[PDB]
Amino acid sequence: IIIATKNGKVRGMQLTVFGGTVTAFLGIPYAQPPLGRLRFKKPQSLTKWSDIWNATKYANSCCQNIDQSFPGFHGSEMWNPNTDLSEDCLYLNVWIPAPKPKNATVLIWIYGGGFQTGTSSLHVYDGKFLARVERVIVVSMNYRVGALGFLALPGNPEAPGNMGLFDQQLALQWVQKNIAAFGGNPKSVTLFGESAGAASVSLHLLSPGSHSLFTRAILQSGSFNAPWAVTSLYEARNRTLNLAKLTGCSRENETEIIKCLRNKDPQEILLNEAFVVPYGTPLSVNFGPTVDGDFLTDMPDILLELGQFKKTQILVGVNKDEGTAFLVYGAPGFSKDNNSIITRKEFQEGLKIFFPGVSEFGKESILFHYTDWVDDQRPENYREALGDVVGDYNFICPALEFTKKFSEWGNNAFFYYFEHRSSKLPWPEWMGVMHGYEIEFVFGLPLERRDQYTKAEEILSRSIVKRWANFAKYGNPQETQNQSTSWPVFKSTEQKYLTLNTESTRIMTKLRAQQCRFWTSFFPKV
Ligand SMILES: *[C@@H]1O[C@H](CO[C@H]2O[C@@H](C)[C@@H](O)[C@@H](O)[C@@H]2O)[C@@H](O[C@@H]2O[C@H](CO)[C@@H](O)[C@H](O)[C@H]2NC(C)=O)[C@H](O)[C@H]1NC(C)=O
Ligand SMILES: *[C@@H]1O[C@H](CO[C@H]2O[C@@H](C)[C@@H](O)[C@@H](O)[C@@H]2O)[C@@H](O)[C@H](O)[C@H]1NC(C)=O
Ligand SMILES: Nc1c2c(nc3cc(Cl)ccc13)C[C@@H]1CC(CC[NH3+])=C[C@H]2C1
Ligand SMILES: *[C@@H]1O[C@H](CO)[C@@H](O)[C@H](O)[C@H]1NC(C)=O
Ligand SMILES: *[C@@H]1O[C@H](CO)[C@@H](O)[C@H](O)[C@H]1NC(C)=O
Ligand SMILES: *[C@@H]1O[C@H](CO)[C@@H](O)[C@H](O)[C@H]1NC(C)=O
Ligand SMILES: *[C@@H]1O[C@H](CO)[C@@H](O)[C@H](O)[C@H]1NC(C)=O
Ligand SMILES: [Br-]
Ligand SMILES: [Cl-]
Ligand SMILES: [Cl-]
Ligand SMILES: [Cl-]
Ligand SMILES: [Cl-]
């Protein structure tokens, strides 16, 4: 089975899924390998090839530092790359239903990883289930991360910043030019991603170069107005110059620094990426999106506030316990192997870890707002409070503020609150409904009865898969057949959202009302 693209013929492989067939094209190149003189530059378009590219396996993952905090632990190694690391990594994957669809809606996945790590070949991003069940076309791409994808000396075309975002954008360009040959509809393309991938998706709503490359957007546990999402240009310059000094590349002529870094081998850059920031936190984004004046023409907060974004429908949501995952990466008294019951003192030292450059009054304000106990006696109180502090500040409240600002300019928005803890979650119970563990349900992994998800989890995954596909195809995330509850539009006034759980489903209003008033209105003033 062979498909002719604008740059050459590609050969896929047939897969058996749920008694049916899905055709997979793994590892299709979409740019020149950013090697040598092309390192740190924007991605270059492909040149023709006369042969047949055998797109039969996942391609290389981009260079990145691997999470080594828990060796042998599936809870952390599930996120580590499962293919070879290489600078030659800008490839994409396409899952098409069998037989070839006529005009199928396309879903483009942008993985997360704090803009430092990630790859499209992860088991939990396997798009064959969605292609099998909803007969949509799933596309995922690899984009450069870390310094190799986001180092910025702005205005300098040798290292202008946002290369990884331009990598994603060139992949969307590829879908627009080629997906029709796979039976796809280039006019029905929905981007979706998680965490830094969701922040990437939200930035594509702002980028002028991305306006006509997709139709709708889904933002899972992330948005560009999150505190970790966008680095200022003065911060980007210091961290670029800091990396230069650590590698012996400090030159006067800024163009010379880049060429020096272009001749350091990738691992010297990787080992030094960690030390470019002096005030580290578990949510530190060493090299990330900047206002480059090309992909991003202005400060994203300004464009969001004044309505300069693509007018379309969005699907946004968060998980119940977004913050717990980061506590075991620095917070004192916390561990994945005990119940992490902390004292008031350890809670306060935890605030210093996550809010290092915040005044003493600002941290007393955080403490005051998160210690109005329902029950004074619960030993879990400070443990769960710091989890809620990290989760609301870094994910939930930014996501809610984005959805409210976006809907204020007339577009339909839908907000969800995912609150089911996976029965196969390798992390301890106290970490709850963790950041990143709605992804398996979105991609339909519980529909595979071979894994021992509950039957309730298969039903929940089946319903979420239908809502996601219905949003991509029709702009409305309803599940109309099985007498579900209707998902109402999120409006700036009432602010309704939908809970996703195995037990029931409810329409609620004003999620984290008191908490997000503090983080979004008051806390920026301290
Ligand atoms: C939950 O575990 C943390 C960390 O536990 C690590 O430290 C070992 C001493 C051992 O307990 C093992 O479980 C693990 O490798 C506990 O915090 C630690 O407490 C000790 C003193 O008791 C300090 O010296 C450590 O620096 C400190 N580590 C961290 C990361 O804070 C914590 O006490 C424990 N909680 C409960 C309720 O048991
Ligand atoms: C600008 O850079 C200054 C130098 O960074 C060094 O700081 C050390 C503490 C260590 O991290 C070295 O690896 C760095 O090279 C730093 O002191 C300033 O604070 C920076 N200013 C800002 C605003 O970030
Ligand atoms: N800096 C980050 C990292 C990751 N995600 C992040 C998510 C956010 Cl919102 C912010 C920063 C992140 C995923 C990887 C894991 C870790 C742990 C390293 N032991 C640091 C990197 C790499
Ligand atoms: C591609 O795969 C086919 C089938 O496995 C194989 O016969 C062929 O030699 C491979 N290489 C090509 C076509 O260059
Ligand atoms: C796919 O749908 C679009 C409208 O969304 C239409 O313009 C186009 O002709 C269709 N292509 C087909 C049916 O091949
Ligand atoms: C830096 O060097 C490049 C090439 O070596 C040159 O084109 C550029 O003008 C130099 N910059 C300055 C400020 O001289
Ligand atoms: C609706 O329920 C039936 C059986 O109860 C199930 O087979 C089907 O997959 C469900 N559909 C959705 C969209 O959940
Ligand atoms: Br992440
Ligand atoms: Cl940061
Ligand atoms: Cl809650
Ligand atoms: Cl107390
Ligand atoms: Cl329901």
Side-chain angles (χ1 to χ4, degrees), residues 17-20 69-73 76 96-97 99-106 129-130 132-137 175-190 212 214-216 282 312 324 326-354 378-384 386-387 427-431 441-442 444 446-449 453 455-487 498 500-502 505:
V17 191
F18 303 150
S69 296
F70 307 102
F73 178 54
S76 65
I96 88 176
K100 201 148 96 72
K102 300 243 144 47
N103 221 12
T105 281
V106 183
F129 306 110
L130 292 160
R132 169 59 169 87
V133 173
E134 295 296 334
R135 293 193 71 80
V136 299
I137 292 186
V175 166
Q176 282 302 290
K177 282 140 146 227
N178 297 281
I179 209 67
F182 294 77
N185 182 9
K187 299 159 71 55
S188 182
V189 175
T190 294
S212 281
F214 67 105
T215 308
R216 274 177 276 280
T312 187
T324 56
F326 304 87
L327 303 181
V328 295
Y329 285 95
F334 280 88
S335 164
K336 82 176 197 64
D337 301 293
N338 63 55
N339 50 23
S340 291
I341 306 276
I342 56 161
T343 60
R344 173 185 179 83
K345 302 66 79 175
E346 300 176 289
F347 177 94
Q348 299 177 284
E349 314 286 357
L351 288 186
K352 295 158 115 172
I353 296 304
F354 286 98
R378 294 191 71 240
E380 305 92 56
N381 273 338
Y382 288 106
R383 188 192 72 210
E384 289 159 358
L386 184 70
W427 300 89
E429 189 83 9
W430 72 259
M431 300 177 80
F441 289 86
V442 169
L447 310 176
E448 176 84 86
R449 298 201 193 111
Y453 295 94
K455 295 293 152 273
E457 280 166 336
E458 163 179 45
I459 292 161
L460 178 54
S461 183
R462 184 71 191 91
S463 167
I464 289 173
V465 161
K466 174 57 80 177
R467 295 190 181 269
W468 263 232
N470 274 347
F471 178 74
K473 304 201 271 233
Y474 318 120
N476 210 337
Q478 308 303 330
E479 197 302 293
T480 80
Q481 284 171 324
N482 283 357
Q483 277 287 111
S484 313
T485 36
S486 210
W487 191 341
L498 168 82
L500 299 171
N501 206 333
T502 49
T505 290

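Just follow the structure's listing: the first ligand is 1, and inside any ligand the first atom is 1. Numbering starts at 1 and runs along the sequence shown. Values reported hereafter were calculated over all heavy atoms of this structure, with side chains retained and with hydrogens, waters and symmetry mates removed.
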Would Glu134 and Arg462 pass as an ion pair if we require N to O under 4.0 Å?
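The answer is yes: the pair qualifies as a salt bridge.
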Check whether [X] reaches the backbone of [Y] with its side chain - one donor and one acceptor, N or O, closer than 3.5 Å.
X: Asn482; Y: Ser484; value: no
X: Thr312; Y: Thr215; value: yes
X: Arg216; Y: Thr190; value: no
X: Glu479; Y: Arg467; value: no
X: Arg135; Y: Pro101; value: no
X: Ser76; Y: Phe73; value: yes

Give me the residue, atom name and distance of the protein heavy atom closest to [atom].
atom: atom 5 (O) of ligand 5; result: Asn185 ND2, 3.4 Å
atom: atom 6 (C) of ligand 7; result: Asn482 ND2, 4.2 Å
atom: atom 8 (C) of ligand 5; result: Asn103 ND2, 3.8 Å
atom: atom 9 (O) of ligand 7; result: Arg462 NE, 3.6 Å
atom: atom 29 (C) of ligand 1; result: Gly333 N, 3.9 Å
atom: atom 4 (C) of ligand 5; result: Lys187 CE, 4.0 Å

How about [atom]: does it have a protein heavy atom within less than 4.0 Å?
atom: atom 13 (O) of ligand 1; answer: no
atom: atom 20 (C) of ligand 1; answer: no
atom: atom 36 (C) of ligand 1; answer: yes
atom: atom 1 (C) of ligand 1; answer: yes
atom: atom 26 (O) of ligand 1; answer: no
atom: atom 11 (N) of ligand 5; answer: yes
atom: atom 32 (C) of ligand 1; answer: yes

Q) Around atom NZ of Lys102, are there more than 12 heavy atoms of other residues, nucleotides or ligands at under 6.0 Å? A)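 Not buried by this count: 12 neighbours or fewer within 6.0 Å.
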Exceeds 12 heavy-atom contacts within 6.0 angstrom, atom NZ of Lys100:
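Check passes, neighbour count above 12.
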What atoms of ligand 1 come within less than 4.0 Å of a heavy atom belonging to [X]?
X: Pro332; result: 31 (O)
X: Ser335; result: 1 (C), 2 (O), 3 (C)
X: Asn339; result: 37 (C)

Problem set entry | Aromatic contact, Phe441 with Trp468 (centres under 6.0 Å) | no
task = Quick one: sort the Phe70 and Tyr329 rings into parallel, tilted or perpendicular, breaks at 30° and 60°.
result = perpendicular
Distance-only N or O hit between ligand 7 and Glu479, under 3.5 Å:
no
message: I want to know if ligand 1 touches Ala331 in the polar sense, i.e. an N/O pair below 3.5 angstrom.
response: no
- Test item, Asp337 contacting ligand 1 (heavy atom, 4.0 angstrom): no
